[PDB]
>>> print(open('work.cif').read())   # mmCIF, C-alpha atoms and all ligand atoms
data_protein
loop_
_atom_site.label_atom_id
_atom_site.label_comp_id
_atom_site.auth_asym_id
_atom_site.auth_seq_id
_atom_site.Cartn_x
_atom_site.Cartn_y
_atom_site.Cartn_z
CA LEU A 631 -14.73 -5.57 -28.87
CA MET A 632 -11.72 -3.36 -29.41
CA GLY A 633 -12.90 -1.23 -26.51
CA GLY A 634 -14.76 1.87 -25.54
CA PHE A 635 -18.36 3.01 -25.70
CA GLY A 636 -20.87 1.37 -28.01
CA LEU A 637 -23.14 4.08 -29.37
CA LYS A 638 -26.26 3.87 -31.49
CA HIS A 639 -25.83 7.53 -32.47
CA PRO A 640 -22.08 8.06 -32.36
CA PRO A 641 -20.48 11.45 -32.92
CA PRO A 642 -21.23 12.38 -36.51
CA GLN A 643 -18.78 12.19 -39.36
CA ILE A 644 -17.25 15.53 -40.34
CA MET A 645 -16.49 15.63 -44.05
CA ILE A 646 -14.28 18.15 -45.83
CA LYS A 647 -12.99 18.72 -49.37
CA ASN A 648 -11.55 21.47 -51.53
CA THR A 649 -14.07 22.94 -53.95
CA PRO A 650 -12.85 22.35 -57.52
CA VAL A 651 -11.36 25.35 -59.28
CA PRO A 652 -11.20 24.87 -63.07
CA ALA A 653 -8.27 25.94 -65.16
CA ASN A 654 -8.81 28.06 -68.26
CA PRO A 655 -11.67 26.60 -70.32
CA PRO A 656 -11.49 26.39 -74.10
CA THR A 657 -12.90 29.33 -76.00
CA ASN A 658 -15.34 27.11 -77.93
CA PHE A 659 -18.04 25.22 -76.07
CA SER A 660 -17.41 21.53 -75.45
CA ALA A 661 -19.75 19.37 -73.39
CA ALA A 662 -16.92 17.15 -72.15
CA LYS A 663 -16.24 17.32 -68.43
CA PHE A 664 -13.28 19.27 -67.10
CA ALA A 665 -10.16 17.25 -66.43
CA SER A 666 -8.19 20.48 -65.99
CA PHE A 667 -8.08 21.88 -62.46
CA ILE A 668 -5.87 24.25 -60.51
CA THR A 669 -3.75 22.21 -58.12
CA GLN A 670 -4.40 23.43 -54.60
CA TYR A 671 -4.68 22.31 -50.99
CA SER A 672 -5.98 23.83 -47.78
CA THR A 673 -4.79 24.00 -44.18
CA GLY A 674 -6.36 25.24 -40.99
CA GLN A 675 -7.11 24.70 -37.33
CA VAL A 676 -9.42 22.23 -35.59
CA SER A 677 -10.68 22.17 -32.01
CA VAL A 678 -12.45 19.36 -30.16
CA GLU A 679 -13.88 19.91 -26.68
CA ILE A 680 -15.39 16.87 -24.95
CA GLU A 681 -16.97 16.89 -21.50
CA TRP A 682 -16.28 13.66 -19.61
CA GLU A 683 -18.23 12.59 -16.53
CA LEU A 684 -16.35 10.92 -13.69
CA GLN A 685 -17.18 8.32 -11.04
CA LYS A 686 -15.23 8.77 -7.82
CA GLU A 687 -13.60 6.09 -5.69
CA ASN A 688 -15.65 5.38 -2.57
CA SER A 689 -13.44 2.53 -1.32
CA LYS A 690 -12.81 1.65 2.33
CA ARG A 691 -9.70 -0.35 1.39
CA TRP A 692 -7.13 0.00 4.15
CA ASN A 693 -3.89 -0.69 2.31
CA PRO A 694 -2.47 1.37 -0.56
CA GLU A 695 -3.80 0.76 -4.05
CA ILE A 696 -1.65 0.37 -7.13
CA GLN A 697 -1.19 3.58 -9.08
CA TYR A 698 0.34 4.36 -12.44
CA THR A 699 3.73 5.87 -11.73
CA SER A 700 6.73 7.00 -13.74
CA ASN A 701 10.01 5.25 -13.08
CA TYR A 702 12.30 7.30 -10.87
CA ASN A 703 15.54 5.92 -12.31
CA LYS A 704 17.51 8.11 -14.69
CA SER A 705 17.32 7.59 -18.43
CA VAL A 706 18.53 9.07 -21.69
CA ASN A 707 14.99 10.07 -22.69
CA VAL A 708 11.95 10.91 -20.61
CA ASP A 709 8.84 8.84 -21.25
CA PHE A 710 6.00 10.49 -23.19
CA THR A 711 8.31 13.23 -24.43
CA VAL A 712 10.07 14.40 -27.57
CA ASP A 713 13.58 13.15 -28.31
CA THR A 714 16.61 15.11 -29.51
CA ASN A 715 15.26 15.03 -33.06
CA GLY A 716 11.81 16.32 -32.13
CA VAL A 717 9.87 13.06 -32.38
CA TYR A 718 7.13 12.44 -29.83
CA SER A 719 6.86 8.85 -28.64
CA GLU A 720 4.68 6.79 -26.31
CA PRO A 721 6.79 4.05 -24.67
CA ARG A 722 4.01 1.82 -23.36
CA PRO A 723 0.25 1.36 -23.56
CA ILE A 724 -1.60 2.51 -20.46
CA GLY A 725 -4.80 0.81 -19.42
CA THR A 726 -7.32 2.43 -17.15
CA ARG A 727 -7.60 -0.32 -14.52
CA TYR A 728 -5.60 0.27 -11.32
CA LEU A 729 -8.01 1.08 -8.50
CA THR A 730 -9.68 -2.01 -7.08
CA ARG A 731 -13.29 -2.74 -6.19
CA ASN A 732 -14.96 -5.80 -4.73
CA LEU A 733 -17.27 -7.97 -6.77
CA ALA B 217 -26.64 12.62 32.09
CA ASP B 218 -26.92 9.00 30.97
CA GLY B 219 -26.32 6.43 33.70
CA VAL B 220 -24.84 2.98 33.90
CA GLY B 221 -26.80 1.45 31.05
CA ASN B 222 -26.53 4.08 28.32
CA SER B 223 -23.48 4.34 26.09
CA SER B 224 -22.12 7.86 26.18
CA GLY B 225 -20.86 7.86 22.60
CA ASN B 226 -20.53 6.01 19.32
CA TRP B 227 -17.61 4.68 17.33
CA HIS B 228 -16.60 6.99 14.46
CA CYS B 229 -13.46 6.02 12.55
CA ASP B 230 -14.25 7.15 9.01
CA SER B 231 -12.48 9.59 6.71
CA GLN B 232 -14.42 11.73 4.25
CA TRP B 233 -13.03 13.73 1.33
CA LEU B 234 -14.83 16.95 0.45
CA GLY B 235 -12.19 17.78 -2.17
CA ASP B 236 -11.44 21.18 -0.76
CA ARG B 237 -10.77 19.58 2.64
CA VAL B 238 -10.52 16.15 4.25
CA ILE B 239 -12.01 15.29 7.64
CA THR B 240 -10.27 12.34 9.27
CA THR B 241 -11.63 10.73 12.42
CA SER B 242 -9.99 8.12 14.65
CA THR B 243 -11.70 6.29 17.49
CA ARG B 244 -9.58 4.05 19.70
CA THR B 245 -9.77 2.13 22.97
CA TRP B 246 -7.43 2.94 25.85
CA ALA B 247 -6.48 1.74 29.32
CA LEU B 248 -5.18 3.98 32.08
CA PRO B 249 -3.32 2.44 35.02
CA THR B 250 -2.56 4.04 38.36
CA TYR B 251 0.85 5.65 38.01
CA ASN B 252 3.31 5.50 40.93
CA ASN B 253 0.66 5.10 43.64
CA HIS B 254 -1.07 8.46 43.15
CA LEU B 255 2.18 10.27 44.00
CA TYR B 256 4.12 13.17 42.62
CA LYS B 257 7.74 12.04 42.78
CA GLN B 258 10.78 14.00 41.77
CA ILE B 259 13.04 12.25 39.31
CA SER B 260 16.65 13.03 38.52
CA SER B 261 19.53 11.48 36.64
CA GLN B 262 21.53 8.98 38.64
CA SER B 263 24.91 10.28 39.74
CA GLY B 264 27.54 8.69 37.56
CA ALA B 265 25.75 9.64 34.37
CA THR B 266 27.73 11.83 32.02
CA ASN B 267 27.42 15.59 32.39
CA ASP B 268 25.41 15.77 29.20
CA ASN B 269 22.76 13.31 30.38
CA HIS B 270 21.87 14.86 33.74
CA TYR B 271 18.28 15.92 34.30
CA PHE B 272 15.95 16.98 37.09
CA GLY B 273 12.19 16.79 37.05
CA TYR B 274 8.93 15.45 38.41
CA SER B 275 6.81 12.39 37.62
CA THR B 276 3.07 12.73 38.07
CA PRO B 277 0.19 10.28 38.53
CA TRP B 278 -1.53 11.87 35.53
CA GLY B 279 -1.66 10.33 32.08
CA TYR B 280 -2.16 12.09 28.79
CA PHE B 281 -3.40 11.60 25.24
CA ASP B 282 -1.19 12.29 22.23
CA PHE B 283 -2.39 11.90 18.64
CA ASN B 284 0.59 13.89 17.27
CA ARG B 285 1.61 11.11 14.81
CA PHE B 286 0.09 11.26 11.32
CA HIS B 287 -0.96 7.64 10.93
CA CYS B 288 -3.28 8.15 13.88
CA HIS B 289 -5.48 10.20 11.57
CA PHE B 290 -4.77 8.60 8.18
CA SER B 291 -5.01 5.11 6.83
CA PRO B 292 -2.29 4.15 4.35
CA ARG B 293 -4.86 4.49 1.58
CA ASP B 294 -6.07 7.88 2.78
CA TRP B 295 -2.42 8.87 2.97
CA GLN B 296 -1.92 7.74 -0.62
CA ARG B 297 -4.82 9.88 -1.84
CA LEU B 298 -3.40 12.94 -0.12
CA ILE B 299 0.21 12.73 -1.23
CA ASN B 300 -0.63 11.75 -4.79
CA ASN B 301 -3.25 14.36 -5.60
CA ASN B 302 -2.16 17.40 -3.60
CA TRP B 303 0.58 20.02 -3.44
CA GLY B 304 -0.10 20.92 0.17
CA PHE B 305 -2.17 20.36 3.27
CA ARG B 306 -2.54 21.97 6.67
CA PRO B 307 -4.74 21.30 9.70
CA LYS B 308 -7.73 23.56 10.29
CA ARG B 309 -9.66 22.44 13.38
CA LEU B 310 -9.94 19.36 15.56
CA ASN B 311 -12.54 17.86 17.89
CA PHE B 312 -11.83 15.50 20.78
CA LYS B 313 -14.05 13.14 22.79
CA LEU B 314 -13.76 10.70 25.69
CA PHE B 315 -16.69 8.38 26.24
CA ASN B 316 -17.76 4.95 27.48
CA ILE B 317 -15.56 5.14 30.56
CA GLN B 318 -15.19 2.05 32.73
CA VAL B 319 -13.37 1.90 36.05
CA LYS B 320 -12.32 -1.56 37.22
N1 LIG C 1 -21.22 -0.30 -24.12
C1 LIG C 1 -22.55 -0.37 -24.04
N2 LIG C 1 -23.29 0.52 -24.71
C2 LIG C 1 -24.62 0.45 -24.63
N3 LIG C 1 -25.37 -0.42 -23.95
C3 LIG C 1 -24.60 -1.30 -23.30
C4 LIG C 1 -23.23 -1.35 -23.28
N4 LIG C 1 -22.78 -2.39 -22.49
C5 LIG C 1 -23.88 -2.94 -22.05
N5 LIG C 1 -25.02 -2.33 -22.49
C6 LIG C 1 -26.39 -2.71 -22.18
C7 LIG C 1 -26.52 -4.08 -21.52
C8 LIG C 1 -26.46 -3.72 -20.04
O1 LIG C 1 -27.13 -4.69 -19.24
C9 LIG C 1 -27.21 -2.40 -20.00
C10 LIG C 1 -26.80 -1.47 -18.86
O2 LIG C 1 -27.41 -0.20 -19.01
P1 LIG C 1 -27.35 0.86 -17.81
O3 LIG C 1 -27.12 2.20 -18.39
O4 LIG C 1 -26.18 0.53 -16.97
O5 LIG C 1 -28.70 0.87 -17.19
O6 LIG C 1 -26.92 -1.76 -21.27
#
>>> encode(input="work.cif", output="structure tokens")
Amino acid sequence: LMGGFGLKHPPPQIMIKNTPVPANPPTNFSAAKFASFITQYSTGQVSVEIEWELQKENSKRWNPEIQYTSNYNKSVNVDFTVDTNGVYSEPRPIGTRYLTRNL
Amino acid sequence: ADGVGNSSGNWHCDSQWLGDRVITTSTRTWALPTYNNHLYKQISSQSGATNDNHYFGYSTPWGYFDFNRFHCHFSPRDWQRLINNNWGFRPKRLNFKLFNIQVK
């Protein structure tokens, strides 16, 4: 009901964590659990490649259909673009429904 | 080789997009009168016209077909597809037909 594709077997969950690295243990055995860990984090790269199937417009409609277009008028910032401070921004939500079909 | 009671062609107006190329067809109905009583006549600018507007020529009984305008071959929607999705287009080959002639 928010939108999209209901799936019984959706793309799986990818889980990740940093393996614990203990700090120096005591020199006499104690069965208590370690609260002492080396503070660390990890970084890396992630790629996602999805293959989307398309359904083409077959319409016989004579007159021009609405399309999603960028405003021609000048502006301080360009839409869907970084600003002077490097911050990416999306000015408006874009739905997918423009082309028209008959019932 | 048909005769009076057999149509010599069919009506094809459609456009089809192959995605490398587009093939646009236009079928129309026309009427040809009899121009200037079957006569070749010379025509020339009337004296008193400005120097720049003088001309001399010939008018013929013949008519002619010209599709040279774009919208002949493209509907406004087919035109929208082209100009929106494409950096360039050029014509490759054309095919022309006259059929279902009637003389009244
Ligand atoms: N989002 C979504 N996910 C899964 N199943 C759905 C969904 N929406 C509707 N349905 C069900 C009920 C439809 O009549 C049928 C169409 O399946 P068809 O493939 O068109 O034959 O599938």
>>> residues_near_ligand(input="work.cif", ligand="ligand LIG 1 (chain C)", cutoff="8 Å", atoms="all atoms listed in the file", output="PyMOL selection string")
chain A and resi 634-638
>>> atom_distance(input="work.cif", atom1="atom CA of residue 721 of chain A", atom2="atom CA of residue 707 of chain A")
10.4 Å
>>> interface_residues(input="work.cif", of="chain B", to="chain A", cutoff="9 Å", atoms="only C-alpha atoms", output="list in words")
residues 230, 291, 292, 293, 294, 295, 296 and 297 of chain B
>>> atom_distance(input="work.cif", atom1="atom CA of residue 269 of chain B", atom2="atom CA of residue 251 of chain B")
24.4 Å
>>> closest_residue(input="work.cif", among="B:310, B:298, B:287, B:316", to="residue 233 of chain B", atoms="all atoms listed in the file")
B:298
>>> atom_distance(input="work.cif", atom1="atom CA of residue 248 of chain B", atom2="atom CA of residue 262 of chain B")
28.0 Å
>>> residues_around(input="work.cif", residues="residue 277 of chain B", least_positions_apart="3", cutoff="12 Å", atoms="all atoms listed in the file", output="JSON, numbers by chain")
{"B": [248, 249, 250, 251, 252, 253, 254, 255, 256, 257, 258, 274, 280]}
>>> closest_residue(input="work.cif", among="B:247, B:264, B:231, B:239", to="residue 279 of chain B", atoms="only C-alpha atoms")
B:247
>>> residues_near_point(input="work.cif", point="(-4.4, 20.1, -56.4)", cutoff="10 Å", atoms="all atoms listed in the file", output="list in words")
residues 648, 650, 651, 667, 668, 669, 670, 671 and 672 of chain A
